[PDB]
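Just dropping in an experimental structure and the matching sequence.
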Amino acid sequence: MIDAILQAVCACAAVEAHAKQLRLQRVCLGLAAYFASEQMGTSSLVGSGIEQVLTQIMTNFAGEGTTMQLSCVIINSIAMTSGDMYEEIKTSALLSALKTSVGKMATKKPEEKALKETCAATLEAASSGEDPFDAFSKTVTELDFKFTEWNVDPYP
């Protein structure tokens with residue numbers, strides 16, 4: 001079931017029309033993060049092109065906070081799950097997009113610098129020389145649901 005719903009949310013996010021529909025991208029990434037962090041659906045994700053979906057929202061909304069956290073949880077999780085699966089998503093593009101995006105993250109307010117830090121470890125962990133299981137071992141690998149804005153309406 002999970003495999004098949006994760007295949008839909010990846011497909012749903014990769015259609016070019018939906019690229020810039022943030023709130024959607026957010027919840028597709030949300031679900032992706034939940035299952036990845038919870039060690040499920042990781043094969044469905046990578047197979048159904050989670051790589052592309054990530055680079056899309058990381059270059060269409062470079063810097064955006066909520067998408068960056070979810071994206072990094074997914075990566076951190078997949079990195080801590082399978083060696084075969086991580087080196088499949090570890091594409092030049094993703095790396096470029098992750099660095100450029102970390103670059104543009106807001107860095108003034110106290111929780112804004114703290115969030116940057118988290119998403120910056122993933123980038124360090126990605127470009128590290130170290131075996132991924134070592135490199136990503138201390139990085140965040142669980143989902144705080146607040147970053148998915150699941151229950152926040154755009155027009156209260």
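Structure received. Numbers count the residues shown, from 1 in each chain.

For the rest of this, base every contact and every neighbour count on C-alpha atoms.
Noted.

need the longest helix for this protein.
Criterion DSSP state H: the longest helix present in the chain is helix 110-127.

And that one, how far out from the chain middle?
Relative to its parent chain, helix 110-127 has a centroid offset of 12 Å by Cα atoms, centre = their mean, to the nearest Å.

so what secondary structure elements neighbour the helix or strand just after that helix?
For helix 110-127, the following helix or strand on the C-terminal side (DSSP states H and E) is helix 132-135. Packing partners of helix 132-135 (3 or more Cα pairs under 8 Å, 6 or more residues apart in numbering; DSSP states H and E): helix 110-127.

what about the residue nearest in space to the middle of the chain, distance to residue 37?
With distances taken as Cα atoms, centre = their mean, residue 71 lies nearest the centre of the chain, 1.1 Å away. Computed as Cα to Cα, to the nearest Å, the residue 71 to residue 37 distance reads 11 Å.

Return the longest helix of the chain as CSV; C-alpha atoms alone will do.
Output of helix 110-127 as CSV, limited to C-alpha atoms (Å, rounded to 0.1, in the frame of the first residue of the first chain):
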residue,chain,number,x,y,z
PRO,A,110,17.5,32.3,16.0
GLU,A,111,15.4,29.3,14.7
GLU,A,112,16.4,30.3,11.1
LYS,A,113,20.1,29.7,11.8
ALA,A,114,19.3,26.5,13.7
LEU,A,115,17.3,25.1,10.7
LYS,A,116,20.1,26.1,8.3
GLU,A,117,22.5,24.2,10.5
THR,A,118,20.5,21.0,10.2
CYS,A,119,20.2,21.2,6.4
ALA,A,120,23.9,22.1,6.2
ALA,A,121,25.0,18.9,7.9
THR,A,122,23.2,16.9,5.2
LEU,A,123,25.3,18.8,2.6
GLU,A,124,28.5,18.3,4.5
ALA,A,125,27.5,14.6,5.0
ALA,A,126,26.8,14.3,1.3
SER,A,127,30.0,15.8,0.0
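
Any buried residues in that helix, and which?
Going by neighbour count (16 or more other Cα atoms under 10 Å), the buried part of helix 110-127 is 115-116, 118-123, 125-126.

For the residue nearest to the centre of the chain, list the residues it contacts.
By Cα atoms under 8 Å, 6 or more residues apart in numbering, the contact list for residue 71 reads 29, 33, 54.

again, only this time at 10 Å
The contact partners of residue 71, by Cα atoms under 10 Å, 6 or more residues apart in numbering, come to 26, 29-30, 32-33, 50-51, 53-55, 57-58, 65, 77, 98, 119, 122.
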